[PDB]
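Below you'll find the structure, written out as structure tokens, and then a few comments.
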Amino acid sequence: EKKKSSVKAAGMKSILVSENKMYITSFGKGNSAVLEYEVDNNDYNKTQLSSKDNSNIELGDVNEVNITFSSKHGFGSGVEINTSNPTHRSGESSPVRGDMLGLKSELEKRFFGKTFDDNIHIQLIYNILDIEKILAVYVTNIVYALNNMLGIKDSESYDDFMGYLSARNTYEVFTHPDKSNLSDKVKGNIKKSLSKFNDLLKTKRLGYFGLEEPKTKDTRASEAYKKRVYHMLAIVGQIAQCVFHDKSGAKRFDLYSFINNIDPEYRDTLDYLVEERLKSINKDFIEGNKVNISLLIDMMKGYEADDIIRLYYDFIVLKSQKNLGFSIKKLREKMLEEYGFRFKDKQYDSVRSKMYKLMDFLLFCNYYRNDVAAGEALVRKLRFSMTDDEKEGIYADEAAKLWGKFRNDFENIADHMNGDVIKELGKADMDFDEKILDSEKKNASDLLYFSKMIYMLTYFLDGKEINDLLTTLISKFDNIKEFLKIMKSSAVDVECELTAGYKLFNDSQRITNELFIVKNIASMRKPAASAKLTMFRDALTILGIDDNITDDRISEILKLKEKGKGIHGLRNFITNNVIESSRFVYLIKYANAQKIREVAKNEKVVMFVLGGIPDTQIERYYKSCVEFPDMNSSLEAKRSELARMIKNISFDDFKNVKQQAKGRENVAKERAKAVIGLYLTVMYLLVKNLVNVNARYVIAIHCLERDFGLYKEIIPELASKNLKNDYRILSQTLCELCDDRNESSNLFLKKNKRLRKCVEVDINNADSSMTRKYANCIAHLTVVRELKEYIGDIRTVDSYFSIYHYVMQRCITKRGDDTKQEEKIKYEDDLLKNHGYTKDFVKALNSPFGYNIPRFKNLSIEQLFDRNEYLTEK
RNA sequence: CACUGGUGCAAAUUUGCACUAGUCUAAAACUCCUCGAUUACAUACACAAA
Ligand SMILES: [Mg+2]
Ligand SMILES: [Mg+2]
């Protein structure tokens, strides 16, 4: 069983090191740090900074090698914990640890204007680098999705569209480049992007993102919509220019300041988008939430109605229940599993979300207002826990106490969870003034432009993508705010003036809070799109249709241009089950409907995805999708059956479905919905996993360009080098320096001669041409684009990593039909014979990333790649 | 099945293993928030309708 660090469990958050002192911190609420002690490195004298009430740990003996301490709150019944004194390292003169890359001094100069004899500034800086790494993944995906949206399947060019946009050009300059005072090359570049912009508008595919063109054809409304879309694309392009380098090796330095420095029209667009979302939630919130609010007021006897309304607004928009230090949902889930299993019954499926909100709200109020001490006690037990099993036990014990307290309340909620009561509560008068929430309401004016810019990015993202980007940004800003607070403390008091480009980080507290709200509002369902003919073609094509069907034929089959009563059942069925599916939208955004349908014919690929689905879920899918299920068949037979259904699905299968189903018609309709849902889920899982694998490589490219720029300032040997000429130059130069010199900036290569020698072999196996192709394929999501072309050639489909590398290797070794015979790569012959990726080829391709050994090994060895795989063998 | 530090056995000129840490390693510091993830998520029961 994996065990946690006892040092973290006991309460020691961090040991900050300066040249003469160490500062020990303990965990406060959430990410807060409690300064506990200051220790002198030379004489080991200690001074307690914490008050008797605030202190969480007791410091014992401190010496050159070890630090002994114990919890003041009972961890391990007060057991003594021994941790290394961080200043004790052989072969290092300084008490202060350096970074593995050796870029700590260059980074401190870039962010703070000078070097420091402490390890605090570098920790804050690594948090900023993490923000850039995650933005690099999402902008790369968004740019690919926008290009993909065009439908130009055969196209050498890529960034003629997003690459030529600039946030420094207003909409007027963009639409009238000639009337500009810009260079002729620039004017032509703008025209190329303008033409692509009109191409994107013509597709009608922007509706997938919630960017619907206006219903009216009025010129004024049309231009206002186009201007907003242009601002969104130009901002995405600007972010891309800040996290990736251009042809000349240059990148913009205004990522954190540009939004406040560009034309005010861009800021108007950001306000318009956020105001639209906030105004829909905020307008008549009490009337909009009257059913739950009425039930809660009747149920919560110890609270004033106005207080409940304010708490409910918090629960929906602020989601304070998600900042408690434990999972409210997990507690509710444990309560239902052990004691309220009846509420998990099929009859509550239609009202389950409402029922869970009411149950979660009671638990939230219990810990947020009524029993804050119980919440603090629960966090301490979870922090003290050393294993996953212990943590589950803590949630289970808490659920048992909660059931005794809320059993009657939960039964009461379940009694009201039916259509008759809900319809009744909906029609009932709600005499509460909407102005009660004026003090709690969140408005667009309350947020920074940086926060609004992040909200704008969410239009292009799926809920999982929003969760991944936002939770990562929130965590990094929270860490940065804490590091600044520690450095500015009376006890530490070290200079930390950020340079002009990074002044935004001074507002890291406010940004962390605003970003949390952005995650909540961005995660909410947007109004359904007006389905356009393009979407209907996408839906019929993904299901399976004649390759040469005309737009007029699609209109005819779905009666799109026909007016009448009850004649649109098929159109409505396709809209509800395909067009409105987030899984379908994800597939159209990153893939091609016709290509995905062809990939679905490959039973080995579909069986691989089905294999990952839990056995209980396969049984549910088998029962819902198969008309006459053989329940006595094996799980492999059931998976094999579902794979055959997916291979044979077509639009034709659903042409007679009855959308307004009566009686027995319902059985066929439910089965059709189940089959479409499984088909979309299986294809979505495959594409999403490949996009996710690609993201790891995108981080590697972003880091290599960033690291090359930093190393270039301190390595004379890199002085005349251009990275794009040969991507292997950083690893090659650093490996050579380790062999020929004594001093080394890069510790990964210097410390591990065996791994350094391995990287040297991998560099030699590669060349400038193949590495350049790899970087281009990673940046353009070529593996996802060309998946249908090569996935069929894989003999055994056993991992996302192996699928990605096989397709990538086929793309790299493809001999251009337009170009002449080029230096055939030495791995091509075996790859074509093997029908599987070549392990040595991955290492050669990844040789540019060799300077960061953990990244290089994780990206080159299938067993080390995924943190969620090989848990038992790990 | 990683990387780096400390400690402890071993080991000449390769280092290896064990225990333990690390926000200054890797998508990677505790509790959260997340992801894996499919069972779904989502200010408005569901269904139908526009
Ligand atoms: Mg030393
Ligand atoms: Mg880190």
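Side chains are part of it too, since the values below use all heavy atoms of this structure and drop only hydrogens, waters and symmetry mates. Residue numbers begin at 1 in each chain, while the letters A, B, ... track the order of the sequences.
- Distance from the side chain of A:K857 is smallest to B:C1 among B:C1, B:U25, B:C33.
- One interatomic measurement links the two molecules: NE2 of A:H416 to P of B:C45, which rounds to 14 Å at whole-angstrom precision.
- Considering only the side chain of A:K4, B:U31 comes nearest among B:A26, B:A37, B:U31.
- Under 4.0 angstrom from either OP1 or OP2 of B:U34 there lies no side-chain N or O belonging to A:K329.
- Look at A:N852 and you'll find a side-chain N or O under 4.0 angstrom from OP1 or OP2 of B:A26.
- In this entry the distance linking CD of A:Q863 with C1' of B:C3 reads 16 Å, nearest Å.
- Checking the phosphate oxygens (OP1, OP2) of B:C32, a side-chain nitrogen or oxygen of A:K391 falls inside 4.0 Å.
- Distances shown here put a side-chain N or O of A:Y684 below 4.0 Å from the OP1 or OP2 atom of B:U38.
- Here A:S90 does not reach the OP1 or OP2 of B:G5: none of its side-chain N or O atoms lies under 4.0 Å away.
- Distances from the side chain of A:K133 to the nucleotides B:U39, B:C45, B:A28 place B:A28 closest.
- Here A:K757 does not reach the OP1 or OP2 of B:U14: none of its side-chain N or O atoms lies under 4.0 Å away.
- For the side chain to side chain contact (heavy atoms under 4.5 Å, CB included) test with A:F69, the passing option among A:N82, A:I24, A:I81 is A:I81; the others fail.
- Of all nucleotides listed (B:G36, B:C30, B:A26), B:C30 comes nearest to the side chain of A:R383.
- A:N666 places a side-chain N or O within 3.5 Å of a backbone atom of A:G663 that can act as its donor or acceptor partner.
- When the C1' atom of B:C41 is taken as reference, atom CD1 of A:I316 falls 14 Å away, rounded to whole Å.
- Ion pairing between a basic and an acidic side chain is recognised when a charged N comes within 4.0 Å of a carboxylate O; A:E670 and A:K673 show such pairing.
- Searching all strands for a Watson-Crick or G-U wobble partner of B:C9 with both distances below 3.5 Å returns B:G16.
- Here A:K13 does not reach the OP1 or OP2 of B:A29: none of its side-chain N or O atoms lies under 4.0 Å away.
- In this structure, of B:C35, B:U39, B:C3, it is B:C3 that holds the atom nearest to the side chain of A:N752.
- A:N572 comes within 4.0 angstrom of the backbone, heavy atoms only, and of no base.
- B:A2 and B:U25 are base-paired: they meet the Watson-Crick or G-U wobble geometry, with both hydrogen-bonding distances under 3.5 Å.
- Between A:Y313 and A:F285, the ring planes are perpendicular. Angles over 60° get that label, and only those under 30° would be called parallel.
- Using the sign of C1'-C2'-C3'-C4' as the criterion, B:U23 is classed as south-puckered.
- The partner of B:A49 is absent, by the rule that a Watson-Crick or G-U pair needs both atom distances under 3.5 Å.
- The shortest distance between the side-chain N/O atoms of A:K330 and the OP1/OP2 oxygens of B:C32 is not below 4.0 Å.
- Between A:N467 and B:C35 there is a side-chain polar atom (N or O) within less than 4.0 angstrom of OP1 or OP2.
- Separating the CD atom of A:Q347 from the P atom of B:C47 is a distance of 18 Å, rounded to the nearest angstrom.
- Annotation: of the two residues near RNA chain B, A:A700 and A:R571, the 5′-most nearest-nucleotide partner is A:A700.
- The partner of B:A40 cannot be assigned: no Watson-Crick or G-U wobble pair with both contacts below 3.5 Å exists in any strand.
- No close placement of the A:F849 and A:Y697 rings is indicated, their centers lying 6.0 Å or farther apart.
- Between A:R525 and B:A42 there is no side-chain N or O to OP1 or OP2 distance below 4.0 Å.
- A sub-4.0 Å separation between OP1 or OP2 of B:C47 and a side-chain N or O of A:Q660 is absent.
- Contact check on A:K346 versus A:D349 returns no salt bridge, with no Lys/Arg side-chain nitrogen under 4.0 Å from an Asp/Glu carboxylate oxygen.
- At least one side-chain nitrogen or oxygen of A:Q659 sits closer than 4.0 Å to the OP1 or OP2 atom of B:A49.
- Each of B:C1, B:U43, B:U7 was ranked by its minimum atom distance to the side chain of A:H88; first place goes to B:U7.
- For A:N31 and B:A29, a side-chain-to-base donor-acceptor distance below 3.5 Å is present, hydrogens and geometry of angles not being considered.
- Summarising the local packing, NZ of A:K29 is surrounded by more than 12 heavy atoms from other residues, nucleotides or ligands at distances under 6.0 Å.
- Regarding the sugar-base torsion, B:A27 falls in the syn class, its angle being within 90° of 0.
- Rounded to a whole Å, the CD1 atom of A:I67 is 14 Å from the P atom of B:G6.
- Under a 3.5 Å cut-off, the side chain of A:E390 and the backbone N or O of A:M386 do form a donor-acceptor pair.
- Sugar pucker of B:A28: south, since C1'-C2'-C3'-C4' comes out negative.
- Per the geometry, CZ belonging to A:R89 stands 16 Å off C1' belonging to B:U7, to the nearest Å.
- Considering only the side chain of A:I422, B:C45 comes nearest among B:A40, B:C33, B:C45.
- Considering only side-chain atoms of A:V65, the nucleotide from B:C30, B:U43, B:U7 that sits closest is B:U7.
- From A:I646, atom CD1 reaches atom CG of A:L680 across 10.0 Å, with rounding to the nearest 0.5 Å.
- Side chain of A:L685, nearest nucleotide from B:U23, B:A37, B:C3: B:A37.
- Here the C1' atom of nucleotide B:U43 and the CZ atom of A:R277 are 7 Å apart, to the nearest Å.
- With ring centres under 5.5 Å apart and planes tilted under 30°, the neighbouring bases B:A10 and B:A11 are scored as stacked.
- Residue A:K753 has its side chain nearest to B:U15 when only B:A50, B:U25, B:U15 are considered.
- Residue ring and base: A:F516 does not count as stacked with B:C33 (centre distance below 5.5 Å and interplanar angle below 30° not both satisfied).
- With a ring-centre distance below 5.5 Å and an interplanar angle below 30°, B:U20 is stacked on B:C19.
- Because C1'-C2'-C3'-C4' is positive for B:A29, its sugar is assigned to the north class.
- Along RNA chain B, the nucleotide nearest A:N119 and the nucleotide nearest A:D130 are compared for position; the residue whose nucleotide lies closer to the 5' end is A:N119.
- A positive value of the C1'-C2'-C3'-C4' torsion places the sugar of B:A40 in the north (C3'-endo) family.
- Atom-to-atom, CZ of A:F856 to P of B:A2 comes out at 17 Å; the value is rounded to the nearest Å.
- Ring-plane geometry between A:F112 and A:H121 is classed as perpendicular, the angle between the planes exceeding 60 degrees on a 0 to 90 degree scale with a lower cut at 30.
- Syn is the glycosidic conformation of B:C45, whose angle stays within 90° of 0.
- Put simply, A:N292 has no side-chain N or O that comes within less than 4.0 Å of OP1 or OP2 on B:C45.
- Checking the phosphate oxygens (OP1, OP2) of B:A37, a side-chain nitrogen or oxygen of A:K688 falls inside 4.0 Å.
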